[PDB]
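First comes one chain, alone, set out as C-alpha coordinates in the form deposited in one PDB entry.
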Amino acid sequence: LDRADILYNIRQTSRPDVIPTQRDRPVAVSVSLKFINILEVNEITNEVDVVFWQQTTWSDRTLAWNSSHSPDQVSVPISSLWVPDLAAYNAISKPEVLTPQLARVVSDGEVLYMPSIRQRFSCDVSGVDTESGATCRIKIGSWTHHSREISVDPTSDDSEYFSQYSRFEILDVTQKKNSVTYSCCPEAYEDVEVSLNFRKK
(Lines give C-alpha, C1' and ligand atoms only; values in the text may rest on other atoms or scores of the structure.)
Protein backbone atom coordinates (compact mmCIF):
# COMPACT_ATOMS: atom_id res chain seq x y z
CA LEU A 1 0.00 0.00 0.00
CA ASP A 2 1.18 3.61 -0.66
CA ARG A 3 0.31 6.80 1.34
CA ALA A 4 -2.45 7.82 -1.14
CA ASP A 5 -4.32 4.45 -0.67
CA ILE A 6 -3.99 4.47 3.19
CA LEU A 7 -5.24 8.11 3.40
CA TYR A 8 -8.09 7.32 0.94
CA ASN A 9 -9.12 4.26 3.07
CA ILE A 10 -9.00 6.32 6.32
CA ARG A 11 -10.96 9.28 4.76
CA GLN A 12 -13.64 6.89 3.31
CA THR A 13 -14.22 4.67 6.44
CA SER A 14 -13.18 7.16 9.29
CA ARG A 15 -16.35 7.39 11.57
CA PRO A 16 -15.01 10.48 13.43
CA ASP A 17 -18.13 10.53 15.72
CA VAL A 18 -17.53 6.87 16.88
CA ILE A 19 -15.32 6.31 19.98
CA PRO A 20 -13.23 3.21 19.05
CA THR A 21 -14.04 1.10 22.19
CA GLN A 22 -12.85 -2.56 21.92
CA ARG A 23 -15.04 -5.30 23.55
CA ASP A 24 -16.71 -2.75 25.97
CA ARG A 25 -13.26 -1.71 27.43
CA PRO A 26 -12.45 2.01 27.67
CA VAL A 27 -10.28 3.86 25.10
CA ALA A 28 -7.00 4.51 26.98
CA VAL A 29 -6.03 8.15 26.21
CA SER A 30 -2.50 9.27 27.28
CA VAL A 31 -2.13 13.05 27.88
CA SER A 32 1.11 14.96 28.66
CA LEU A 33 1.54 18.79 28.47
CA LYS A 34 4.99 20.04 27.28
CA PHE A 35 5.08 23.71 28.40
CA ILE A 36 6.70 25.98 25.74
CA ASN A 37 5.96 29.44 27.21
CA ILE A 38 4.23 31.34 30.05
CA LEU A 39 3.16 34.63 28.37
CA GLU A 40 1.13 36.42 31.09
CA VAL A 41 0.47 35.85 34.82
CA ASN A 42 -1.85 37.86 37.14
CA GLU A 43 -1.43 37.19 40.92
CA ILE A 44 -4.52 39.44 41.62
CA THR A 45 -6.97 37.56 39.25
CA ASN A 46 -5.21 34.11 39.55
CA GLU A 47 -5.03 33.79 35.70
CA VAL A 48 -2.16 32.40 33.53
CA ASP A 49 -1.76 32.55 29.70
CA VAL A 50 0.36 29.54 28.58
CA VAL A 51 1.56 27.80 25.36
CA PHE A 52 1.94 23.98 25.59
CA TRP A 53 2.15 20.94 23.28
CA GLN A 54 -0.76 18.63 24.32
CA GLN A 55 0.79 15.20 23.52
CA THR A 56 -2.28 12.92 23.10
CA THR A 57 -2.13 9.19 22.16
CA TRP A 58 -4.77 6.45 21.84
CA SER A 59 -5.45 3.34 19.73
CA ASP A 60 -8.10 3.10 16.96
CA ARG A 61 -7.82 -0.41 15.39
CA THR A 62 -10.24 0.63 12.54
CA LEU A 63 -7.31 2.80 11.15
CA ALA A 64 -4.83 -0.17 11.09
CA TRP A 65 -3.24 -1.45 7.82
CA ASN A 66 -0.70 -4.19 6.84
CA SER A 67 2.73 -2.42 7.18
CA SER A 68 4.51 -5.00 4.87
CA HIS A 69 5.83 -2.96 1.84
CA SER A 70 3.87 0.10 3.17
CA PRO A 71 4.59 3.24 5.25
CA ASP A 72 4.72 2.63 9.06
CA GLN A 73 3.00 6.06 9.65
CA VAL A 74 0.91 8.70 7.78
CA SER A 75 -0.17 12.30 8.57
CA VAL A 76 -4.02 12.51 8.73
CA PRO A 77 -6.23 15.62 9.17
CA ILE A 78 -8.05 15.23 12.56
CA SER A 79 -11.39 15.93 10.70
CA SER A 80 -10.89 12.34 9.32
CA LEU A 81 -10.39 10.73 12.82
CA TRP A 82 -12.22 10.22 16.10
CA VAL A 83 -10.42 12.49 18.62
CA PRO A 84 -10.92 12.47 22.43
CA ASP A 85 -13.37 15.21 23.59
CA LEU A 86 -10.72 16.54 26.07
CA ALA A 87 -11.39 19.83 27.89
CA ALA A 88 -9.42 21.75 30.54
CA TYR A 89 -12.02 22.00 33.39
CA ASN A 90 -10.42 25.32 34.63
CA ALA A 91 -9.81 26.93 31.16
CA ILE A 92 -11.19 30.52 30.84
CA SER A 93 -10.45 30.82 27.05
CA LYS A 94 -11.03 28.53 24.00
CA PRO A 95 -7.92 26.47 23.16
CA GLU A 96 -6.15 28.45 20.35
CA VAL A 97 -4.47 25.73 18.16
CA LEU A 98 -1.27 27.28 16.65
CA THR A 99 -0.26 24.26 14.48
CA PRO A 100 -1.59 22.33 11.45
CA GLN A 101 -4.53 20.09 12.53
CA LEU A 102 -2.80 16.80 11.51
CA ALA A 103 -2.26 13.66 13.64
CA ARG A 104 0.25 10.81 13.03
CA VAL A 105 -1.41 7.38 12.52
CA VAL A 106 0.82 4.26 12.95
CA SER A 107 -0.01 1.08 10.90
CA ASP A 108 -1.19 -0.65 14.16
CA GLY A 109 -3.86 2.11 14.63
CA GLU A 110 -1.99 4.13 17.30
CA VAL A 111 -2.76 7.88 16.88
CA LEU A 112 -0.32 10.62 18.02
CA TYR A 113 -1.96 14.10 18.08
CA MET A 114 0.20 16.90 19.55
CA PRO A 115 -1.24 20.36 18.84
CA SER A 116 0.51 23.50 20.13
CA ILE A 117 -2.21 25.26 22.19
CA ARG A 118 -2.33 28.78 23.68
CA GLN A 119 -4.96 28.88 26.49
CA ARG A 120 -5.77 30.94 29.65
CA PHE A 121 -6.50 29.19 33.01
CA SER A 122 -7.93 30.06 36.46
CA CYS A 123 -5.36 28.55 38.90
CA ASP A 124 -3.22 29.35 42.00
CA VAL A 125 -0.71 32.08 40.92
CA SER A 126 0.11 32.96 44.62
CA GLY A 127 3.90 32.86 45.32
CA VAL A 128 4.96 33.39 41.64
CA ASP A 129 7.58 36.03 42.76
CA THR A 130 8.99 33.74 45.56
CA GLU A 131 11.76 31.06 45.33
CA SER A 132 9.22 28.18 45.97
CA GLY A 133 7.15 29.72 43.07
CA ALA A 134 3.43 29.28 42.20
CA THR A 135 1.83 25.82 41.63
CA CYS A 136 -0.87 26.21 38.88
CA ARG A 137 -3.03 23.02 38.54
CA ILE A 138 -4.60 22.38 35.05
CA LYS A 139 -7.23 19.56 34.98
CA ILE A 140 -7.80 17.83 31.57
CA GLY A 141 -10.38 15.05 30.93
CA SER A 142 -13.17 13.87 28.59
CA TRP A 143 -16.14 16.30 28.61
CA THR A 144 -18.82 13.60 27.92
CA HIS A 145 -17.17 10.11 28.24
CA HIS A 146 -17.06 8.54 31.77
CA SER A 147 -14.43 5.99 33.09
CA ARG A 148 -16.11 3.01 31.30
CA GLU A 149 -15.64 4.70 27.84
CA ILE A 150 -12.43 6.81 28.24
CA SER A 151 -9.56 6.43 30.75
CA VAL A 152 -6.88 9.17 30.99
CA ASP A 153 -3.30 7.93 31.67
CA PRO A 154 -0.78 10.56 32.72
CA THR A 155 2.47 8.59 31.83
CA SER A 156 11.74 13.37 31.32
CA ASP A 157 13.25 16.95 31.42
CA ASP A 158 10.48 19.56 32.18
CA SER A 159 12.52 22.41 30.54
CA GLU A 160 13.54 20.44 27.37
CA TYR A 161 10.74 22.30 25.42
CA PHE A 162 10.45 25.52 27.52
CA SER A 163 11.52 28.85 25.92
CA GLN A 164 14.81 30.21 27.40
CA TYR A 165 13.40 33.73 26.58
CA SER A 166 10.33 33.48 28.94
CA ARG A 167 10.20 35.95 31.91
CA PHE A 168 9.33 32.76 33.89
CA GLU A 169 11.15 29.46 34.57
CA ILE A 170 9.74 25.99 35.37
CA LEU A 171 10.78 24.46 38.75
CA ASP A 172 8.68 21.25 38.36
CA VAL A 173 5.81 19.69 36.30
CA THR A 174 3.93 16.76 37.93
CA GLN A 175 1.05 14.80 36.32
CA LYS A 176 -1.34 12.78 38.51
CA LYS A 177 -4.43 10.77 37.44
CA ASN A 178 -7.61 11.86 39.30
CA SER A 179 -11.38 11.20 39.06
CA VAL A 180 -14.17 13.81 39.53
CA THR A 181 -17.84 13.00 40.35
CA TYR A 182 -20.55 15.69 39.84
CA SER A 183 -24.03 15.94 41.52
CA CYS A 184 -25.70 15.66 38.00
CA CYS A 185 -24.23 12.24 37.16
CA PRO A 186 -23.58 8.95 39.05
CA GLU A 187 -20.50 8.29 36.79
CA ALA A 188 -16.83 9.20 37.47
CA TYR A 189 -14.86 11.29 34.87
CA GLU A 190 -11.10 10.54 34.69
CA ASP A 191 -8.78 13.59 34.39
CA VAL A 192 -5.02 14.27 34.46
CA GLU A 193 -4.03 16.98 36.99
CA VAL A 194 -0.96 18.88 35.66
CA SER A 195 0.85 20.82 38.45
CA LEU A 196 2.97 23.61 36.87
CA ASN A 197 5.43 24.79 39.59
CA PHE A 198 7.00 27.97 38.08
CA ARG A 199 8.31 31.43 39.17
CA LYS A 200 9.34 34.85 37.71
CA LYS A 201 13.11 35.17 36.95
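Note that the rigid core is defined as the largest set of C-alphas that superpose within 1.5 Å between two forms. Numbering starts at 1 and runs along the sequence shown.
Form deposited in another entry: not shown, discussed below.
- Of the residues checked (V125, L86, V74, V111), the rigid-core alignment between the shown form and the other one shows a Cα shift of at least 2 Å for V125 alone.
- Annotation: Cα of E43 displaced by at least 2 Å between the shown form and the other one, core superposition.
- The Cα position of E193 differs by less than 2 Å between the shown form and the other one after fitting on the rigid core.
- The Cα shift for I19 between the shown form and the other one, taken after rigid core superposition, is smaller than 2 angstroms.
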